[PDB]
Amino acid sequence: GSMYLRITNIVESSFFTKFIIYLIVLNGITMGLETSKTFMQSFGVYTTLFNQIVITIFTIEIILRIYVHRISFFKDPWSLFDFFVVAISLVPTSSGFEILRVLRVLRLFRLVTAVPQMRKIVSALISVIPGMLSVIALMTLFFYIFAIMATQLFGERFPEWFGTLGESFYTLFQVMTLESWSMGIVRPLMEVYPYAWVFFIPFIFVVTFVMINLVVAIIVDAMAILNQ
């Protein structure tokens, strides 16, 4: 209609989204203050009301957006994110997990999707990921196989670190980040299993060498984009 076009030109208004962005940074500050228990004694009700004010506004104005765009809205990854972020924010407290209330803070990520400069940089990062998928596949296979080996080789006498497949996953990722791999994992390990370095020195080497290539690769593919 021209009703649909009236709503649409309010919805795609620059001011409309600048008001939204403004609502985001305001509520962002809000949530910064609600970590403080001092501030929460004084203005607990103030901030808890503002939070509801803004979330209804977001639901009001995602209703409007869906009107304007219908199917195309749900095929847009930025819009989808604002949907599922305001969704998890909608569910009320004391229903399901209580952890859902920390997830309310995800609303702030609307800033990324509402700002164009932020949307540009995110798309640039996400762009890189497809080229990485082979290396990620390889590395996951490598982690999985060594997790099993380490679980089997060390999980009985070292149950906190290797007693479980998932425990070995975590410990192995720790090692890969190089965080206390020697004086916190392998040197203790070796106190019982003196040849444990035979398992972990190669693990280090391979994991490192692969990550280097992961990065080198990303660089090359960015230069191949400039050279066209």
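Throughout, we count residues from 1 along the sequence that is shown.
Pick between 94 to 102 and 152 to 160: the one whose mean CA B-factor in the entry is higher. Per the PDB entry, the higher value belongs to 94 to 102.
Greater mean Cα temperature factor according to the PDB record, 5 to 13 or 203 to 211: The stretch with the larger mean CA B-factor is 5 to 13.
Would you mind checking which of 52, 177, 171, 182 has the top Cα temperature factor in the PDB entry? The C-alpha B-factor peaks, among 52, 177, 171, 182, at 52.
Identity of residue with top Cα B-factor, from 134, 123, 89, 140: Within the set 134, 123, 89, 140, 89 shows the top C-alpha B-factor.
Looking at the C-alpha B-factor of residue 197, is it in the lowest, middle or highest third of its chain? Lowest third.
Cα B factor band for residue 190 (lowest, middle or highest third within the chain): Ranked within chain, residue 190 CA B lands in the lowest tercile.
Looking at the C-alpha B-factor of residue 167, is it in the lowest, middle or highest third of its chain? Answer is lowest: the recorded C-alpha B-factor places it there.
Please say which third, lowest, middle or highest, residue 71 falls into when its CA temperature factor is compared across its chain. It belongs to the highest third of the chain when residues are ordered by C-alpha B-factor.
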